[PDB]
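Here is the structure we will look at, set down as structure tokens.
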Amino acid sequence: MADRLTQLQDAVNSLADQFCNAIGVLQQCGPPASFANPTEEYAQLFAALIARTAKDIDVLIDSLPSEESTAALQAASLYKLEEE
Amino acid sequence: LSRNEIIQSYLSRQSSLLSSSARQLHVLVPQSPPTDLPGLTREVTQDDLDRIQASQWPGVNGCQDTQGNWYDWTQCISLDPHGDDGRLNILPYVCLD
Amino acid sequence: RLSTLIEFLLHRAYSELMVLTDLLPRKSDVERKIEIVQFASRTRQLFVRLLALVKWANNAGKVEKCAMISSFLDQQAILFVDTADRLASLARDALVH
Amino acid sequence: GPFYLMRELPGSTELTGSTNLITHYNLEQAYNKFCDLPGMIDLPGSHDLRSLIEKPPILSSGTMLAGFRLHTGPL
Amino acid sequence: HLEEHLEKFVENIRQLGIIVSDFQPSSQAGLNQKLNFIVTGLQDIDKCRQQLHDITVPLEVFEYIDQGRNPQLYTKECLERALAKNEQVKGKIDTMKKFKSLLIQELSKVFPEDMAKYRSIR
């Protein structure tokens, strides 16, 4: 464990969990109608958390390695390292 | 499932934020048309291996950054993508031993 | 359904009146007058509650529309809870594996 | 360019639960009226055990011969 | 319709019969019982008319009649529950509207170009 990859996996799962939690909160609890303020605060907090999780996932994606360093570049470097 | 209450909802909040988390982001990396086995097909050479060993290569040997600080794969990167006090902490990519 | 209740009420009334007319010569006449007025109270209560029914027979169709409305809104509430439920079953079962 | 798996959202305002369902369902004037018939029927009659038996029969669901066989004295 | 007036005349005849048999009438009071039997016959004719009418009534009408109120109160309560469910559903949809607006605001803050292209596509 303790990799950027497991962090990215846990961030994506936390995004899906925040989706299900946001709908289950904001449909189960609400002020009735007119033809409350805690619920509005809950909505603001949930929107902020989802946005933060999205930004974090994007940053971790930027952080991992590129589509350079293909497997042959790893293998030839491994060969040179065995010789040295 | 049946009921969510102030304290339990706030517990969900702190747990989700502790799992997840002026710019200080990584320097953006473009697309890469030269890749070594498939794309550019370099016959095994020597400049590429010397670059992968000694120099700074920002897609291969590390993650670069704004404010200049270089981080290779075994280090942990501290950043702040938001305008808050909360800091993202990217863990090391390799974790040797 | 009120036709069946009307027929059954008329049948039970006529049968109880037949039992009363059978015991009418049998019963002691002075107290039989009291039993007759008790039975008349029974029939008056049956008929006034039927009168309340046939009064409400104008208001039947609005309650039918109200039942339609209530069923529809209960269905949409079950749709909301089902969406949240399937998202939870996505986020905790399929993605963990 | 396009995001993955975009599709068409439904018709802009079809039948929802966000409309006023009663006014659309022509039931407004009955509510505006509405917002005992024992007493409203005791406008006609005297007042409003065996009436419990009347309600229990509700919860459960030869006329000349009767007049001839109804023999009983006065006093 | 006509069953109401027929059973009403029957009930009034029953009340007059109870009043007369409550009295010590030396004359013929068997006419009261004969009118009661004729009212039962007319109620059988009204039962034929109820086979013509075919009314369907829920049981809670019978039970509120047992409580001795108006069934108009049951109409009021069905209307009130209809408006209660409509209020609750409109409120849930309104909170979803506010939440969608907040989410697109915050994502437009954090992801400019993507929410720009989304507001373009809609």
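Residue numbers (PDB author numbering), protein chains in the order written: chain U, 1 to 35, 48 to 96; chain Z, 480 to 500, 525 to 600; chain N, 50 to 146; chain S, 63 to 97, 111 to 123, 127 to 139, 146 to 159; chain J, 7 to 128. Note that CB positions come from ideal geometry on N, CA and C, so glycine has one too.
* residue 110(N) in three-state terms, based on DSSP -> What you label residue 110(N) is simply residue 61 of the third sequence in a count that begins at 1. Looking at residue 110(N) - three-state DSSP - the assignment turns out to be helix.
* Examine chain C for any beta-carbon lying closer than 8 Å to the beta-carbon of residue 69(S), and answer yes or no. => The structure shown contains no chain C; the protein chains it does contain are U, Z, N, S and J.
* Asked: Where do the N-terminal and C-terminal ends of the beta strand (DSSP E) with residue 581(Z) fall, by residue?
  -> Working through the second sequence from its first residue, we reach residue 581(Z) at position 78. Here the beta strand (DSSP E) through residue 581(Z) covers 580–582.
* Note down, in chain order, each residue of its chain lying with its Cβ closer than 7 Å to the Cβ of residue 92(N), except the 5 sequence neighbours on either side. => In the third sequence, the residue the question calls residue 92(N) occupies position 43. If we look at residue 92(N) and ignore the five residues flanking it on each side, its Cβ neighbours are 62.
* Using a Cβ-Cβ cut-off of 6 Å (strictly less than) and excluding sequence neighbours within five positions of residue 594(Z), which residues of its own chain qualify? -> Here residue 594(Z) is taken as the residue at index 91 of the second sequence, counted from 1. For residue 594(Z), where only same-chain residues beyond five positions count, the Cβ hits under 6 Å are 579.
* **Where residue 575(Z) sits in the DSSP three-state scheme** => In the second sequence, the residue the question calls residue 575(Z) occupies position 72. Reduced to three states, the DSSP call for residue 575(Z) is strand.
* chain U contacts made by the region 74–98 of chain J, where a contact means CB separation under 9 Å -> 89, 90, 92, 93, 94, 95, 96, 97 and 98
* Are the region 146–154 of chain S and the region 70–88 of chain N touching by the rule of at least three beta carbon pairs closer than 8 Å? -> When C-beta atoms of the region 146–154 of chain S are compared with those of the region 70–88 of chain N, three or more pairs fall below 8 Å, so the two segments count as touching.
* Asked: Taking buried to mean at least 16 other C-beta atoms within 10 Å of its own C-beta, is residue 500(Z) buried or exposed?
  -> Your numbering for residue 500(Z) matches position 21 in the second sequence. Buried, by the Cβ-count rule.
* Selection from 526(Z), 531(Z) and 487(Z) that minimises the alpha carbon distance to residue 587(Z) -> Walking along the second sequence from the start, residue 587(Z) turns up at place 84. Nearest of 526(Z), 531(Z) and 487(Z) to residue 587(Z), Cα basis: 526(Z).
* Report the three-state DSSP secondary structure of residue 593(Z) (helix, strand or coil). => On the second sequence, position 90 is the one that residue 593(Z) refers to. Three-state DSSP puts residue 593(Z) in a strand.
* Measuring CB to CB, does residue 89(J) end up less than 8 Å from residue 63(U)? -> As a position in the fifth sequence, residue 89(J) is number 83, starting the count at 1. As a position in the first sequence, residue 63(U) is number 51, starting the count at 1. No, the pair does not count as a contact, with Cβ atoms beyond the cut-off.
* Asked: Leaving out the 5 sequence neighbours to the left and right, which residues in its chain are closer than 8 Å to residue 539(Z) when beta-carbon positions are compared?
  -> Translated into positions along the second sequence, residue 539(Z) becomes position 36. These residues qualify, in order along the chain: 545 and 551.
* Taking only beta-carbon atoms, is residue 20(U) less than 8 Å away from chain N? -> Locating residue 20(U) in the first sequence gives position 20, where the first residue counts as 1. Chain N, which has a Cβ nearer than 8 Å to the Cβ of residue 20(U), makes this yes.
* Tell me the DSSP bridge mates of residue 565(Z)? -> As a working note, residue 565(Z) is residue 62 in the second sequence. In the DSSP output, where bridge partners are listed per residue, residue 565(Z) has 575(Z).
* **Cβ separation of residue 582(Z) and residue 497(Z), assumed to be a contact under 8 Å, to the nearest whole Å** => In the second sequence, the residue the question calls residue 582(Z) occupies position 79. In the second sequence, the residue the question calls residue 497(Z) occupies position 18. That belief does not hold up - the Cβ atoms of residue 582(Z) and residue 497(Z) are roughly 17 Å apart, past 8 Å.
* Asked: Name the chain U residues whose beta carbon is nearer than 8 Å to that of residue 140(N)?
  -> Numbered from its first residue, the third sequence carries residue 140(N) at position 91. Result: 13, 16, 17, 19 and 20.
* residue 538(Z): contacting residues in chain U (beta-carbon distance under 7 Å) -> Position 35 of the second sequence, counted from the start, is the residue given in the question as residue 538(Z). Per Cβ cutoff of 7 Å: 79, 80 and 82.
* Asked: residue 101(N) versus chain S: which residues are under 8 Å apart at the beta carbon?
  -> Position 52 of the third sequence holds residue 101(N). Within 8 Å Cβ-Cβ: 112, 113 and 116.
* Asked: Between residue 74(J) and residue 117(S), what straight-line distance do the alpha-carbon atoms span, to the nearest angstrom?
  -> As a first step, residue 74(J) must be located in the fifth sequence, where it is residue number 68. As a first step, residue 117(S) must be located in the fourth sequence, where it is residue number 42. About 11 Å.
* With residue 68(J) as the anchor, note down where its alpha helix (DSSP H) starts and where it stops. => To locate residue 68(J), count along the fifth sequence from 1; it is residue 62. First-last of the alpha helix (DSSP H) with residue 68(J): 65–72.
* Asked: Contact between the region 77–96 of chain J and the region 45–52 of chain J: three or more CB pairs below 8 Å?
  -> no
* For residue 32(U), return the contacting residues in chain J, with the cut-off set at a CB-CB distance below 9 Å. => Position 32 of the first sequence, counting from 1, holds the residue named residue 32(U). Within 9 Å Cβ-Cβ: 90, 93, 94, 96 and 97.
* Asked: Using a beta-carbon distance cut-off of less than 7 Å, what residues from the region 95–122 of chain N approach chain S?
  -> 95, 97, 98, 100, 101, 104, 111, 114, 118 and 122
* **Contact check, residue 17(J) vs residue 100(N), beta carbons under 8 Å** => Residue 17(J) sits at position 11 when you count from the first residue of the fifth sequence. Residue 100(N) sits at position 51 when you count from the first residue of the third sequence. Taking 8 Å as the Cβ cut-off, residue 17(J) and residue 100(N) qualify as a contacting pair.
* On the three-state DSSP scale, how would you describe residue 81(S)? -> The sequence position of residue 81(S) within the fourth sequence is 19, counting from 1. Residue 81(S) falls in the coil class under three-state DSSP.
* **Sub-8 Å separation of residue 96(J) and residue 80(S) beta-carbons** => Your numbering for residue 96(J) matches position 90 in the fifth sequence. Your numbering for residue 80(S) matches position 18 in the fourth sequence. Going by C-beta atoms, residue 96(J) is nearer than 8 Å to residue 80(S).
* Asked: On the three-state DSSP scale, how would you describe residue 120(S)?
  -> Your numbering for residue 120(S) matches position 45 in the fourth sequence. Coil, per DSSP.
* Looking only at C-alpha atoms, which of 124(N), 97(N), 126(N) and 78(N) sits nearest to residue 15(J)? -> Against the fifth sequence, residue 15(J) aligns to sequence position 9. The option with the nearest alpha carbon to residue 15(J) is 97(N).
* **Chain-order list of residues whose beta-carbon lies under 8 Å from that of residue 77(S) (same chain, five-residue window excluded)** => What you label residue 77(S) is simply residue 15 of the fourth sequence in a count that begins at 1. Sequence-distant partners of residue 77(S) (beyond 5 residues in either direction) whose C-beta falls short of 8 Å from its own C-beta are missing from its chain.
* **From 480(Z), 486(Z), 555(Z) and 483(Z), residue whose alpha carbon lies closest to that of residue 87(U)** => Along the first sequence, one-based indexing puts residue 87(U) at 75. The candidate whose alpha carbon is nearest that of residue 87(U) is 555(Z).
* Rounded Cβ spacing between residue 11(U) and residue 68(U) (contact assumed at less than 8 Å) -> Taking the first residue of the first sequence as position 1, residue 11(U) is located at position 11. Taking the first residue of the first sequence as position 1, residue 68(U) is located at position 56. 6 Å between Cβ atoms; contact.
* **Under 7 Å by beta carbon: chain J residues contacting residue 93(S)** => Here the question's residue 93(S) lines up with position 31 in the fourth sequence. Here the neighbours are 85.
* To do: Please name the residue, chosen from 562(Z), 490(Z), 482(Z) and 576(Z), that lies closest to residue 57(U) on a Cα-to-Cα basis.
  => Sequence index remark: in the first sequence, residue 57(U) carries index 45 (1-based). Residue 490(Z) is the option with its Cα nearest to residue 57(U).
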